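Residue numbers (UniProt numbering), protein chains in the order written: chain D, 17 to 76, 79 to 248; chain Y, 17 to 72, 78 to 246.
Built from N, CA and C at the ideal position, the CB exists for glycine as well.
Accompanying notes for the structure given below.
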Ligand SMILES: CC(C)Oc1ccc(CN(CCC(N)=O)C(=O)c2cnn(Cc3ccccc3)c2-c2ccc3sccc3c2)cc1
């Protein structure tokens, strides 16, 4: 019904947005969570089934960014998740778990466990996530099953590989984003869903993430519907 | 500013270009080869090290006409490229291609294998996902035979098993991917290799894509810093 089932979103520009206001970089990220809350809500009522969101930026000092990224789930569970539970939104994460702070692994699992029975939009958090890592990680699993004799080298196919990716937990007809949105004027994918997004439509905007709202989402959805005409 | 080493190019708009000029589709593909000739020579002159070109339900006659272009390209285009020190290579599934086409492909490769300038890298019968699947296939076969440990599985390993392995190590990943004729999508083109590439989108139809177009892409690329 003229709505993309799965939207990927690269949330870029929090740092730049904060610098424009003469405010610290932390202030920018808190507004980014507000942006996400608005977008998550708006997308839920519009009919979108899945969104995979990705906190990525190149405006660094990696320790710093790899600091307030892992800090996201914590803050997001306290101030934003309760409302998203009220709106029937299901929360899941994709990415690597091993190197996570305890407190942020607690907030993520609690966010999942709170919302696991929810039947609305699936908000998918790409945290500590790299596309090439995802595929490599999937290759380890597949290779070990070939030695275990669970599958043959001939049995390895595009369809099979999909089941080993981090997006396997999603329903099979929704695993691949139909649209991928990137903000902050950057025309690149930065290792976001290389496999799953291989056939996706792309929307690039100069708008910074914290200024990206329901109106911005619809404008992106309008662009998408226009592509089908061409 | 300076030139990107490896440029990916999705060639699109041959049909529409012919439609505006009231000609058959077969001529649109012909003008597209002229476009490719211009771009390859131009890219070689500017100092680009690699170009990966991607050609991507037609009529039953059209495939017969499209099947004749590889031979024509070898006869009336490749010699000039060979004269300009260009090296021709392929990525994709060549074993599915017809005889007369595969033999023309091989002749272009064997003719230019010793060359030291720009590498014209044709993406033919190619799919990103299929490439990766092939990579994870051959690796798993090597794991069976005990030639590889499962702990030796890394991003670099996978890179060594992609169709782009035959390119020099430092030039396997495109720095810039150009898409022509207005479409905003990557169409399963180098998903792995192009994961960090700068993307450039232009409404210009592939046959109209010339040095001006190339230099506008290259200039756009440098404005990204
Ligand atoms: C042999 C090698 C050295 O050059 C080759 C490279 C690829 C292929 C594969 N090819 C033909 C499909 C088939 N019938 O096998 C396509 O994918 C395809 C579909 N439209 N166009 C037209 C087009 C022409 C130019 C630009 C875009 C599209 C092409 C195409 C592409 C590039 C070139 S270069 C000489 C012929 C040719 C044909 C076979 C040979």
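My assumption, with CB atoms under 8 Å, is that residue i sits in contact with residue j. Please give the rounded CB distance.
| i | j | result |
| --- | --- | --- |
| residue 99/Y | residue 109/Y | 7 Å |
| residue 33/Y | residue 150/D | About 36 Å separates the two Cβ atoms, so there is no contact after all. |
| residue 160/D | residue 161/Y | 6 Å |
| residue 157/D | residue 169/Y | Not confirmed; about 11 Å, so no contact. |
| residue 57/Y | residue 30/Y | Rounded, the Cβ-Cβ distance is 20 Å, inconsistent with contact. |
| residue 138/Y | residue 68/Y | 16 Å between Cβ atoms; not a contact. |
| residue 122/Y | residue 91/Y | 5 Å |
| residue 115/Y | residue 146/Y | 7 Å |
| residue 144/D | residue 95/D | In fact, because the Cβ distance is near 17 Å, the residues do not count as touching under 8 Å. |
| residue 222/D | residue 200/D | 5 Å |
| residue 136/D | residue 107/D | 6 Å |
| residue 27/D | residue 44/D | Actually they do not touch by this definition, with Cβ atoms about 11 Å apart. |
Over what stretch of residues does the beta strand (DSSP E) that includes residue i continue unbroken?
| i | result |
| --- | --- |
| residue 186/Y | No beta strand (DSSP E) contains residue 186/Y, which DSSP labels as neither H nor E. |
| residue 198/D | 197 to 200 |
| residue 111/D | 108 to 112 |
Taking the alpha helix (DSSP H) that residue i belongs to, which residues open and close that run?
| i | result |
| --- | --- |
| residue 103/D | 99 to 104 |
| residue 164/Y | 149 to 165 |
| residue 30/D | 30 to 36 |
| residue 41/Y | 41 to 62 |
| residue 246/D | 232 to 247 |
| residue 121/Y | 120 to 133 |
| residue 179/Y | 176 to 182 |
Take residue i and list the residues in its own chain whose beta-carbon comes closer than 7 Å to its own, dropping the five residues that flank it on each side.
| i | result |
| --- | --- |
| residue 219/D | 196, 197, 242, 245 |
| residue 185/Y | 112, 193, 214 |
| residue 152/D | 183, 184 |
| residue 230/D | 51, 55, 201 |
| residue 203/Y | 224 |
So who's on the other strand from residue i, going by DSSP bridges?
| i | result |
| --- | --- |
| residue 68/D | 24/D, 142/D |
| residue 79/Y | Residue 79/Y pairs with nothing; no bridge assigned. |
| residue 85/Y | Paired residue(s): none; residue 85/Y is not in a bridge. |
| residue 221/D | 199/D |
| residue 206/D | 219/Y |
Could you pull out every residue in the same chain whose Cβ sits closer than 6 Å to the Cβ of residue i, ignoring the five residues on either side in sequence?
| i | result |
| --- | --- |
| residue 20/D | 196, 197, 242 |
| residue 148/Y | 209 |
| residue 22/D | 66, 192, 195, 196 |
| residue 17/Y | 243 |
Enumerate in chain order the residues of its own chain whose CB-to-CB distance from residue i is below 8 Å, with the five nearest sequence positions on each side excluded.
| i | result |
| --- | --- |
| residue 102/Y | 53, 56, 57, 109, 133, 141 |
| residue 171/D | 164 |
| residue 62/D | 19, 235, 236, 239 |
| residue 178/Y | 160, 169 |
| residue 83/Y | 41, 42 |
| residue 64/Y | 19, 20, 21, 22, 23, 139 |
| residue 130/D | 109, 110, 111 |
Name, going along the chain, the residues of the stretch 158 to 191 of chain D whose beta-carbon falls closer than 7 Å to a beta-carbon of chain Y.
158, 160, 161, 162, 164, 165, 171, 174, 175, 176, 179
Chain-ordered residues of the stretch 225 to 244 of chain D with a beta carbon less than 8 Å from chain Y:
none
Taking Cβ-Cβ distances below 7 Å as the criterion, which residues of the stretch 133 to 150 of chain D are in contact with chain Y?
149, 150
When Cβ atoms are compared, which residues of the stretch 90 to 106 of chain Y fall closer than 8 Å to chain D?
none
Could you list the residues in the stretch 209 to 220 of chain D with a C-beta less than 7 Å from some C-beta on chain Y, going in chain order?
209, 212, 213, 216, 217, 218, 219, 220
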